[PDB]
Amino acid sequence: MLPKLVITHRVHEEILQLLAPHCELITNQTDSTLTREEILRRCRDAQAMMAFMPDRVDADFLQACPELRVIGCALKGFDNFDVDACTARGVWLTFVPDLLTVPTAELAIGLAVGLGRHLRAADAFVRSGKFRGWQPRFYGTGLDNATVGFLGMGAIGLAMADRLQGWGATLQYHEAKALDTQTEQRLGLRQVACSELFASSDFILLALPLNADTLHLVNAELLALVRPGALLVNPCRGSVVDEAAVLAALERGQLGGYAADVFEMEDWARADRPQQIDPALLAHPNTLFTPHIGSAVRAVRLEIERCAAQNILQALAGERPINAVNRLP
């Protein structure tokens, strides 16, 4: 027989045909996400698992599945997966380090432009059949001669920076880990204090992970700093901002706009998460939203799927998985 691989969400059939001659598969080829108890059942005696953004794994889980050996995750942010427990149980935990970067970088830029140029309303105005030609309205904010501040300058921060090269903006960032001079210089990046980043940027592009330090980093106090009218764009994790503090900053018109691909309600790790995005936030005019689609480009998705599956075949064939997050003897 063969090792038992659970796959919690739908993948390309091509991936199944590469995984089949080495594993028996317990798939879920739908557009629906299966309940927490249902998954544990499926994994009970599974050796391998392919996990995705809705999946949530703690100490309890791992204990229910003692035949497990590898969780192959098809994502960058593993904040919903307890790596420490995985390590202590001899369980591999792999991620996808690079492939999510660019498609997310592209979307983030689009959201900056769309937010700045009032695109949701503009398009709604055209579709309302009342367009009778140009009128002096929808006056928005462009990138040319603006200060773009980045918070975090890892993969996505850098990818965004590369993409804003010919846009005539002034590029600054705040890192927890500074770059060398060759890169700062060659991207025209200028490092600043966090407070300073907020009080001076017209655009604020977030590119940091969710962890102990980053939860609600963007608070009521740091939002009191921004230039009245600045635009906040969040393509990383919801909980790095306080959405309630953001709503208020919007309502008093200190914050010119908020855009986001991610939300607090997605972050199952901290039980105290909001159960929804605030109706008042969704109803706000100065917003642009997408439903965690940063990596939803179909050629990439296939490559992401392929990578996560290779990690699994590597782990199961005995070997060390090229993209393992943790270390194992």
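Heads up: residue numbers just count along the shown sequence, starting at 1.
Look at the C-alpha B-factors of 53-61 and of 284-292. On average they run higher in 53-61. Between 266-274 and 293-301, it is 266-274 that carries the larger average Cα temperature factor according to the deposited entry. The PDB entry gives the largest Cα B-factor of the residues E243, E221, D144, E106 to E221. For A122, the recorded CA B-factor ranks within the lowest third of the chain. Only modelled residues enter the ranking. Annotation for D162: CA B-factor lies in the lowest third of the chain's modelled residues. When all modelled residues of the chain are sorted by CA temperature factor, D98 is found within the lowest third. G253 sits in the middle third of its chain by CA B factor, as recorded in the PDB entry.
When the modelled residues of the chain are ordered by C-alpha B-factor, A176 sits in the highest third.
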